[PDB]
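Asker: quick check, what structure comes out for this input:
(chains A, B and C, ligands or ions: 6)
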Amino acid sequence: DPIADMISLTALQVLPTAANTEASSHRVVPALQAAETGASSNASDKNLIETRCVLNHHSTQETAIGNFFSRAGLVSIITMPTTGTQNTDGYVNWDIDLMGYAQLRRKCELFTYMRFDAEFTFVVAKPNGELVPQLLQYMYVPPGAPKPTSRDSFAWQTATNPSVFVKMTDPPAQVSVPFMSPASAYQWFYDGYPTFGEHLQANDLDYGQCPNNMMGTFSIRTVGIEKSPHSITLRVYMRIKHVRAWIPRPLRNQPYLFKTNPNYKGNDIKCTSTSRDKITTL
Amino acid sequence: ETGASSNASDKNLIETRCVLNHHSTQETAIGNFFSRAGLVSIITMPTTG
Amino acid sequence: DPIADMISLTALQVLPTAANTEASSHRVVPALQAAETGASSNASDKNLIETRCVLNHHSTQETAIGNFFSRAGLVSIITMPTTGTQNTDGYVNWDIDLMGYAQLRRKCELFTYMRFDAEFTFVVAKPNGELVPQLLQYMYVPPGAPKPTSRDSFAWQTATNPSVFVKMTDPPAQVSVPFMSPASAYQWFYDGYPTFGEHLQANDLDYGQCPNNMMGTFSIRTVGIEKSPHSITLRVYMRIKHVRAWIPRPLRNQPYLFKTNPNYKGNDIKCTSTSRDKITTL
Ligand SMILES: CCCCCCCCCCCCC/C=C\[C@H](O)[C@H](N)CO
Ligand SMILES: CCCCCCCCCCCCC/C=C\[C@H](O)[C@H](N)CO
Ligand SMILES: [Cl-]
Ligand SMILES: [Cl-]
Ligand SMILES: [Cl-]
Ligand SMILES: [Cl-]
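Answerer: Numbering: from 1, shown residues only, chains lettered A, B, ... in the order given. Ligands and ions are numbered 1, 2, ... in the order given. What follows is the structure:
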């Protein structure tokens, strides 16, 4: 008491259908905007022209981020060939990174942060699309859990990790996954480094790598002591569900080159829009 | 020396802020820890051997 | 509200006379003290011996700091000789520093800070004690005011500074002075430097100098266009009044050497107490 110096405006609204149009006539300066402020023109039809009444029942439900994202998309293709350089071992460990396929990636990168649960579907077959009576095991190996070093590895005992056993002939396996980041949300962009220290050019592959997005390894194998005679192709589809998103940003307008960064082909910088001869001719 | 674990917490050794902690303890319930199918046996019936 | 971490025991007493003594008998451990704490024994007569009742009316009024300090003491001796090296000029400018005389100085240095008003008395005469019909002018020249450069100096016009005109034959001149420091109190000890910068050995005379104690200059002259034939001796006495004091400290036990610092003769360090031959003999 003996010292006197020690004593968000915007909100939501539910709009199920597009706004309507009201009538007006031959009649305050609402046509000229001060776009220098960083605001979008609040001028509508009724201001610049004479209008009729239109009872607009067009629905806005399909543009809800949920209907936009909750569509299963390809995020990975894993192959286990029998003859070659890949894995004549009968098993494969895949670091989880969903940024290897553009269609989905570009959609997510529309936002800076995203939080959601997901439905993963596992479509498996031979490289030509044929199916055979082969038993498989998919296992989720969280960060810290021991990764299988072979098709015989004890890790396939899967006493605590979650594993799925399914035949290549059964329908696609399918499961639900919760929001697992240790942060409040996954983030497609992390303008920083994961650790302290000097950031010499040798460790610049560190830039942009966010541990909170690193969900571990996904392992798969044929279930047998002996090698399987079949080459295997596994396509993993992901369907986002129960999603929330923050901070929209410009959409990628240059082809993707790498999973972990926004590097672009500097010699061939594509223009966002097609070109024409003259500004006065279509 | 008694065989007891320190009943001293944050508020005792340092100045703290109020934190409304909603972290759930359901996953460490022995049921969620054990109710995960695990391999307990491998039985083989070969034809030649 | 959305954050929960953002939401003197001793007093005075009036004792006009010394505390009394009450009776006791042949009877809790009040004789043994824990002086390790930094406390003075709260054990009195009634605890260590059998006592009688004594109605003690001894007064504590004389030990009040006011009666202790409000006794005029010599703080300066200013001389204006006619034949010599001093001031055959007829005027003198004296920087005000009251630390040139021990009796008073030691008393004040009992405290660290002191605030008070004062009564200055000016006893003037010839060097042999004789008096003559000589007119004098004493003037207070505050910091910033122009100091007289001669007996004719315009500064003696004293249009704003306060001046006193008195004859060497009139009784001593006497005036009251207010508490003039720009600080809350004068301080006999200032453990620091007056300005910023490096404190090279060339400017070490700065250490301990506190501007808040520098009250300016005291000027005096004979009132005449012509030189006076009389040597003059001025003794200035000061009587502290309306005083308050803080933070008592050890009393000087070494002879004073300089006005502005506590330097002491290192080769001859005096013991606070006289000595004897044996610790078992008086
Ligand atoms: C037995 C079923 C196993 C299925 C387990 C799959 C868990 C996958 C969790 C989805 C994690 C979202 C992706 C997060 C971050 C991005 O990939 C990062 N940019 C990679 O550094
Ligand atoms: C015409 C009458 C003129 C009389 C004016 C006398 C004013 C003197 C004010 C008393 C100041 C107290 C002394 C203060 C500080 C000490 O002298 C310091 N240690 C000096 O550096
Ligand atoms: Cl096994
Ligand atoms: Cl959703
Ligand atoms: Cl004059
Ligand atoms: Cl007083």
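
Asker: spell out which residues of chain A are next to ligand 4.
Answerer: By the rule CB under 5 Å from the ion, the part of chain A lying against ligand 4 is A:66, A:241-243. (Each C-beta comes from the backbone N, C-alpha and C, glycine too.)

Asker: so which of those residues wins on neighbours?
Answerer: residue A:243 (19 neighbours; other CB atoms under 10 Å in any protein chain shown).

Asker: look at that one and tell me its secondary structure.
Answerer: strand (DSSP: H, G, I helix; E, B strand; the rest coil).

Asker: what's around the nearest residue to it once chain neighbours are set aside, how many residues?
Answerer: Closest residue in space to residue A:243, ignoring its immediate chain neighbours: residue A:116 at 3.8 Å, by CB to CB, 6 or more residues apart in numbering or on different chains. Using other CB under 10 Å, residue A:116 has 21 neighbouring residues.

Asker: which of the residues in the helix or strand containing residue A:116 are buried?
Answerer: Assigned by DSSP states H and E, residue A:116 belongs to strand A:111-125. Neighbour-count burial for strand A:111-125 flags A:111-112, A:114-116, A:118, A:120, A:122-125 (criterion: 16 or more other CB atoms under 10 Å in any protein chain shown).

Asker: now those residues in CSV, with distance to residue A:189?
Answerer: CSV is the format used below for the buried residues of strand A:111-125 (distance: CB to CB, whole Å):
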residue, distance to residue A:189
A:111, 9
A:112, 6
A:114, 11
A:115, 15
A:116, 17
A:118, 20
A:120, 24
A:122, 29
A:123, 30
A:124, 33
A:125, 35
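
Asker: now for these: which two are most distant?
Answerer: A:112 and A:125 (36.7 Å; CB to CB).

Asker: residue boundaries of the helices in the stretch 51-200 of chain A?
Answerer: Ranges of helices within the stretch 51-200 of chain A are A:65-69, A:102-108, based on DSSP state H, counting those that start in this stretch.

Asker: including distance to ligand 1, could those go into a markdown table?
Answerer: As requested, those are exported to a markdown table (distance: least, CB to the nearest ligand atom, whole Å):
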| stretch | distance to ligand 1 |
| --- | --- |
| helix A:65-69 | 13 |
| helix A:102-108 | 9 |
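
Asker: could you dump these into a markdown table with distance to residue C:80 added?
Answerer: Output for the helices of the stretch 51-200 of chain A, formatted as a markdown table (distance: least, CB to CB, whole Å):
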| stretch | distance to residue C:80 |
| --- | --- |
| helix A:65-69 | 98 |
| helix A:102-108 | 97 |
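
Asker: distance of residue A:193 relative to residue A:204?
Answerer: 9 Å (CB to CB, to the nearest Å).

Asker: pull out the buried positions in stretch A:137-151.
Answerer: Neighbour count says stretch A:137-151 has A:137-141, A:148, A:151 buried, by 16+ other CB under 10 Å.

Asker: beta partners of the residue nearest to residue A:245 when sequence neighbours are not counted?
Answerer: Spatial nearest neighbour of residue A:245, excluding adjacent residues (CB to CB, 6+ apart): residue A:111 at 4.2 Å. Under the criterion DSSP bridges, residue A:111 forms beta bridges with residue A:248.

Asker: closest to the centroid, which residue in chain A?
Answerer: Nearest to the mean C-alpha position of chain A, by CA atoms, centre = their mean, lies residue A:108 at 4.1 Å.

Asker: relative to residue A:194, how far out is that residue?
Answerer: According to CB to CB, residue A:108 stands 21 Å off from residue A:194.

Asker: likewise for residue A:280?
Answerer: Residue A:280 is 53 Å from residue A:194, by CB to CB.

Asker: more neighbours, those two?
Answerer: residue A:194 (13 against 6).

Asker: and that one, how far from ligand 2?
Answerer: According to CB to the nearest ligand atom, to the nearest Å, residue A:194 and ligand 2 sit 62 Å apart.

Asker: so that residue sits right up against residue A:210, yeah?
Answerer: Yes - look at residue A:194 against residue A:210 with CB atoms under 8 Å: they come within range, at 6.9 Å.

Asker: excluding chain neighbours, what is closest to the residue in the stretch 151-282 of chain A positioned nearest to chain C?
Answerer: Nearest to chain C, among the residues of the stretch 151-282 of chain A, is residue A:184, at 17.4 Å (CB to the nearest CB). Distance criterion CB to CB, 6+ apart; nearest residue to residue A:184, sequence neighbours excluded, is residue A:115 at 6.8 Å.

Asker: so that neighbour makes contact with residue A:180?
Answerer: No - using CB under 8 Å, residue A:115 is not in contact with residue A:180, being 10.6 Å away.

Asker: returning to that earlier point: between residue A:193 and residue A:204, which is the more surrounded one?
Answerer: Comparing residue A:193 with residue A:204 by neighbour count (other CB under 10 Å), the higher total belongs to residue A:193, at 15 against 10.

Asker: residues in contact with the more buried one?
Answerer: A:199, A:206-207, A:209 (CB atoms under 8 Å, 6 or more residues apart in numbering or on different chains).

Asker: strands along the stretch 51-200 of chain A, start to end?
Answerer: Assigned by DSSP state E, counting those that start in this stretch, the stretch 51-200 of chain A shows strands spanning A:73-80, A:91-95, A:111-125, A:135-141, A:163-167, A:173-177, A:186-187.

Asker: the second one to strand A:73-80, inter-axis angle?
Answerer: Compare the direction of strand A:91-95 with that of strand A:73-80 by axes from the mean of the first three to the mean of the last three CA atoms, to 10 degrees and you get 140 degrees.

Asker: give me the distance between residue A:225 and chain B.
Answerer: Between residue A:225 and chain B the computed distance is 8 Å (CB to the nearest CB, to the nearest Å).

Asker: residue in chain A nearest to ligand 2?
Answerer: At 31.2 Å from ligand 2, residue A:2 is the closest residue in chain A, using CB to the nearest ligand atom.

Asker: what's the neighbour count on that residue?
Answerer: 4.

Asker: can you check residue A:180 too?
Answerer: Burial of residue A:180 is recorded as 13 neighbouring residues (other CB under 10 Å).

Asker: and it, how far from ligand 6?
Answerer: Between residue A:180 and ligand 6 the computed distance is 79 Å (CB to the ion, to the nearest Å).

Asker: contacting residues for the closest residue to that residue other than its chain neighbours?
Answerer: Closest residue to residue A:180 apart from its sequence neighbours, by CB to CB, 6+ apart: residue A:215 at 5.9 Å. Counting by CB under 8 Å, 6+ apart, residue A:215 touches A:96, A:142-143, A:180-181.
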